[PDB]
Structures are given as C-alpha cells and as structure tokens.
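Single-structure report; data block below.
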Amino acid sequence: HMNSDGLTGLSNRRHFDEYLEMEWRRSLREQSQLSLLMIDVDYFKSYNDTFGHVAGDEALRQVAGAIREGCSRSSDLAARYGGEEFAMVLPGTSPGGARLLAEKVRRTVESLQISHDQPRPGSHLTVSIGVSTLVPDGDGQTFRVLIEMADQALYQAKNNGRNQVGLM
C-alpha cells in the first residue's frame with residue numbers, strides 16, 4: 001500500500017502498528033523473540049524553534065535516513081511513530097544484537113554532525129533510544145507491552161542525559 005511517511009520515507013504509524021501486531025502474532029505462535037527500538041530526537045523543539053521548520057524537517061529527514069540504515073533483514077521495519085519519534089521492529093533479534101543496532105543508529109545520527117546549541121554550545125543533534133525484547137505472552141493485543149517496555153527504556157535514556165541507549 002501507500003504506507004510511508006512522505007518527509008522521512010519510513011513506514012507510517014498505522015503500518016507500524018499493523019506490522020508489529022502481525023509479528024507479535026507470529027512470535028507468540030513460534031515463541032520467538034521480538035525486539036523493538038523506540039527513538040526520540042533530543043532537544044528537537046529547541047532545534048526547530050531556533051533554526052526554523054524547514055531546517056527542522058530536513059534534520060528529521062536525515063535522522064530518518066540514519067535509522068533506515070539500521071534495517072537489513074527482510075523482516076526489519078523502521079517507522080515514523082510521531083512528530084520526532086521513530087520505531088524499529090526487529091523480528092528474531094536477540095537483546096545484544098538489538099542493543100548494538102541501537103548504538104549503530106545513535107552513533108550514525110551523531111555522525112551527521114548537525115550543529116545544535118543544546119544541551120550546550122557546540123553540540124550535535126542526537127537521539128535517545130529505548131530497546132525492548134520479548135517472547136510474547138497473552139494474545140495479539142498484548143503487543144503494546146513491547147512498546148511500553150521500550151518507552152520505559154527510552155524514558156530512562158532521556159532522564160539519564162540523552163544521546164544514549166536505554167535497555168530492558
């Protein structure tokens with residue numbers, strides 16, 4: 001279908017949700033691991049406010065390209081979840097693999113060297129990432145647990161200073 005976000009080229013949220021649910025159903029039947037990354041651009045409001053929406057949108061586009069590079073297996077999916085929030089579904093990926101992929105995405109973003117004055121003068125645009133991995137339990141609608149766990153890890157990453165990967 002026409003299931004991508006125009007600016008970023010990634011999956012849109014609706015497609016993400018449908019795909020995650022389908023992979024959750026499969027992983028529940030198989031008792032296989034499913035990993036998820038939740039990604040949120042650091043200090044994005046201040047970036048957009050300082051540099052304007054054209055620059056902010058182009059930054060999001062470049063970040064999205066960095067994220068897309070994280071996908072390599074046929075079942076991997078990257079999405080724009082919300083305004084400055086991205087997600088990646090990683091079927092069959094074990095936690096150390098998911099962690100290192102998250103570090104890859106984070107470092108690839110920082111290597112864009114998009115100048116920013118937050119958190120201090122002479123900084124770069126960064127992302128925080130939360131990672132979760134589960135063997136599913138419950139039913140098809142229990143897939144929201146995996147999102148919650150990744151959001152918890154992301155909350156931890158943000159509060160611990162941003163530009164980092166949070167786990168569990």
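Numbering of residues begins at 1 and proceeds along the displayed sequence. Only heavy atoms go into these numbers, but all of them, side chains included; no hydrogens, no water, no symmetry mates.
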Is any side-chain heavy atom of [Y] closer than 4.5 Å to one of [X]?
X      : Y      : result
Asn3   : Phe16  : no
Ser27  : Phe143 : no
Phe86  : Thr8   : yes
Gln33  : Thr93  : no
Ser111 : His124 : no
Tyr43  : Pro119 : yes
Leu125 : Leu112 : no
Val89  : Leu146 : no

Is a side-chain N or O of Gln31 found less than 3.5 angstrom from the main chain of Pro136, in a donor-acceptor match? yes
Give a yes or no on whether the backbone of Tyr155 and the side-chain of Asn159 come within a donor-acceptor separation of less than 3.5 Å.
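Yes: the side chain of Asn159 pairs with the backbone of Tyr155.
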Once rounded to the nearest 0.5 Å, what's the spacing between atom [atom1] of [X] and atom [atom2] of [Y]?
X      : Y      : atom1 : atom2 : answer
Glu58  : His53  : CD    : NE2   : 10.5 Å
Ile147 : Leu154 : CD1   : CG    : 12.5 Å
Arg14  : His1   : CZ    : NE2   : 6.5 Å
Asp139 : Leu28  : CG    : CG    : 8.0 Å
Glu85  : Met38  : CD    : CE    : 4.0 Å
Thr142 : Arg25  : OG1   : CZ    : 13.0 Å

Residues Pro91 and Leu34: closest non-hydrogen pair is CA-CD1, 3.7 Å
Flag yes if [X] and [Y] sit in one hydrophobic cluster, no otherwise; membership is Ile, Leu, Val, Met, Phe, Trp, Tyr, and two members link when side-chain heavy atoms are under 4.5 Å apart.
X      : Y      : result
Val165 : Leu134 : no
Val131 : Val145 : no
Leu7   : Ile39  : yes
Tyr81  : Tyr19  : yes
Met168 : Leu37  : yes

* Answer yes or no: does atom CD of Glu103 have more than 12 heavy-atom neighbours from other residues, nucleotides or ligands under 6.0 Å? =>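 Counting neighbours around CD of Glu103, more than 12 heavy atoms of other residues, nucleotides or ligands fall under 6.0 Å, so yes.
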So does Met22 have more than 12 non-hydrogen atoms from other groups sitting under 6.0 Å from CE?
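For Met22, atom CE is crowded (more than 12 foreign heavy atoms under 6.0 Å).
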For this session: Step by step, work out the side chain to side chain contact (heavy atoms under 4.5 Å, CB included) result for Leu90 and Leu101.
Result: CA-CA 10 Å; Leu90 303 173; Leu101 188 42; 3.7 Å; yes
Ion pair present between [X] and [Y], side-chain N to carboxylate O less than 4.0 angstrom?
X      : Y      : value
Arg107 : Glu110 : no
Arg144 : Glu148 : no
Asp57  : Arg61  : no

Applying ring pair (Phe, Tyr, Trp, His ring centres under 6.0 Å) to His15 and not counting sequence neighbours gives none
Donor-acceptor pair between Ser46 and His116 side chains, under 3.5 angstrom: yes
Ignoring hydrogens and geometry beyond distance, is a side-chain donor-acceptor pair present between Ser128 and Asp40 at under 3.5 Å?
no
- Assess whether side chain to side chain contact (heavy atoms under 4.5 Å, CB included) is satisfied between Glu23 and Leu77, documenting all intermediate values. CA-CA 11 Å; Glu23 286 299 308; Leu77 189 62; over 6 Å; no
Partner residues of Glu84 under the salt bridge (charged side-chain N to carboxylate O under 4.0 Å, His left out) criterion, sequence neighbours left out: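 For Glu84, no residue satisfies salt bridge (charged side-chain N to carboxylate O under 4.0 Å, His left out) once neighbours in sequence are set aside.
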| request: Before giving the answer on side chain to side chain contact (heavy atoms under 4.5 Å, CB included), spell out for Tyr47 and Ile114 the whole-Å C-alpha distance, their side-chain angles and the decisive distance to 0.1 Å. | output: CA-CA 10 Å; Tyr47 189 86; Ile114 297 168; 3.2 Å; yes
Residue pairs passing the side chain to side chain donor-acceptor pair (under 3.5 Å) test with at least one member in residues 63-77, sequence neighbours excluded, are none
### Task
Decide side chain to side chain contact (heavy atoms under 4.5 Å, CB included) for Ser35 and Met88; before the verdict, give the C-alpha distance in whole Å, the side-chain angles of both, and the deciding distance to 0.1 Å.
CA-CA 8 Å; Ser35 288; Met88 301 181 48; over 6 Å; no
